[PDB]
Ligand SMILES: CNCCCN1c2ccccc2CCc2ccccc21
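Only one chain is given next, in structure tokens, and it is the form solved without the named molecule.
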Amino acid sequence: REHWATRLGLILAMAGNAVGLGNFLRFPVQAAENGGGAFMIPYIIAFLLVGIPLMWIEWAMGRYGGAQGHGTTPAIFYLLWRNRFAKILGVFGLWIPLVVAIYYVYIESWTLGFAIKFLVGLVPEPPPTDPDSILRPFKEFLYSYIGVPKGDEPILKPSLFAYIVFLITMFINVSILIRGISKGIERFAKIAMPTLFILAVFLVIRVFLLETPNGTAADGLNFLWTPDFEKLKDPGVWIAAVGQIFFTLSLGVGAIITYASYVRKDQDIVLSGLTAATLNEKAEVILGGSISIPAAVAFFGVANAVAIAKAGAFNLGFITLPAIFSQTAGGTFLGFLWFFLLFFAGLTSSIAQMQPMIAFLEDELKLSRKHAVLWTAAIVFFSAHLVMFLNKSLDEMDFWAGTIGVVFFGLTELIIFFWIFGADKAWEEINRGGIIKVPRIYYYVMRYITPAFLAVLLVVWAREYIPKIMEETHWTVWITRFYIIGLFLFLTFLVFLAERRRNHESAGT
């Protein structure tokens, strides 16, 4: 069974896992829609009571399960909890990361398509100066790439270039994954993370130099880092902060677990985990938070920046930022550094999203890595056509897989590992072989605070958001729900087959 060759490589893979589009696209938007500093306070609390505790749990389970020749939650849950239901609950450990990949890798291919276009300088050019007049050419640039429907029909019509770029993006993903953990994920991680960090730092440094009558990037930084206690009372920001912490650290997806299942039985996870997490957070709060927002505040001011943030998840990064850059010296090339950055950020994450599926086919169905990778790619590529052609389908998958799903699963694995499997055995399995030990206080957070914190949160989310689901929405949302539900059924079947092959290979040996 493959292992991480070096400690550094492991850290970088785990950090490349968490450091993605969420750091440079999602965080700024989330931080802005919530008043900046108002969002930061709950964000810090979430990182301590949730982000970190659960972080160690997933490493513990990954390494615990990895020892016994398993890298996925269906099998691992069964080990921590010998029950047929524990295997069915573990199916999400394959479903969630697989669903996320379906739309994530597509957004990833965008950054690749923009990077290329920007490199060759095949971009729009606004005349020298109205915000709408300069932004419009960029909106039209994105809407033409992904093929936003002009007509009432909710149908997307992506360009030939966009479609092929997706093929390439998938191909690049496969080329890395087909090499395995050390030769592939780890090898690429070492080169990708440093590069990423360099690009980010350069962009942050370059962004600061932005200066206009409307303001400066210095103002924007004061907006996000200004603590406001008035908004603290609202649950909206708490749910936003905790949802972001989950997405950024990649928790409740089962991806961290698969990666960690390649860590050696006694090898440290306490420090290793802590570090990789800290790397993501440092990159998110410092690097990701200093580019998008400060640039918009500079060129547009705060109020209008928040307006742009609330406008869309891609508006800031795919339209505004490139437009803001097109006004600066060497903006187009700077746009290429931006999208190239994103592409490496997403690529290190998309490979981690497909690894659980790859690990399952290998560990449980005894498929060669070559076959495990090609079929997984085939499933992701095929499934992605829904996201590419069916308007709003992307939104749907992100809500269930990357939003509601990851929290439900976070509480599940936490309960199984600590409550069912035993709180003390979990503690040993976590601290065992740890270069350092987990603070005794976190023992109580894990067993009591985190699950209660999550439980209450989920209920609150259910009380206000549940009415919305199926109450009123376009019927096309069912096309996505129908498919992703079928995805779960298909994954349940494989689990069923994996348990049956296990039975024959027991009597025959």
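Residue indices: 1-based, along the sequence shown.
There is another form of this protein, the form solved in complex with the named molecule, and it is not shown here; the text below is about that form.
*Asks:* Please pick, from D395, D424, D234, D219, the one residue with any non-hydrogen atom lying within 4.5 angstroms of the named molecule in the entry with it bound.
*Replies:* So the residue touching the named molecule in the entry with it bound, by this definition, is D395.
*Asks:* Among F344, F418, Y262, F138, which has at least one heavy atom within 4.5 Å of the named molecule in the entry with it bound?
*Replies:* The residue from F344, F418, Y262, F138 that makes the contact is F344.
*Asks:* Does any heavy atom of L487 come within 4.5 Å of a heavy atom of the named molecule in the entry with it bound?
*Replies:* Contact with the named molecule, no.
*Asks:* Test of understanding: in the entry with it bound, would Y104 fall inside 4.5 Å of the named molecule by heavy atoms?
*Replies:* Result yes; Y104 sits at the interface with the named molecule in the entry with it bound.
*Asks:* Contact with the named molecule in the entry with it bound for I176, defined as at least one heavy atom pair within 4.5 Å: yes or no?
*Replies:* Taking the distances in the entry with it bound, the answer for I176 is yes, it comes within 4.5 Å of the named molecule.
*Asks:* At 4.5 Å between heavy atoms, is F314 in contact with the named molecule in the entry with it bound?
*Replies:* Close contact exists here: in the entry with it bound, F314 approaches the named molecule to within 4.5 Å, heavy atoms only.
*Asks:* Heavy atom within 4.5 Å of the named molecule in the entry with it bound: which residues of 171-192 meet that condition, in order?
*Replies:* If the 4.5 Å heavy-atom criterion is applied to the named molecule in the entry with it bound, 171-192 yields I172, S175, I176, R179, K183, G184, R187, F188, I191.
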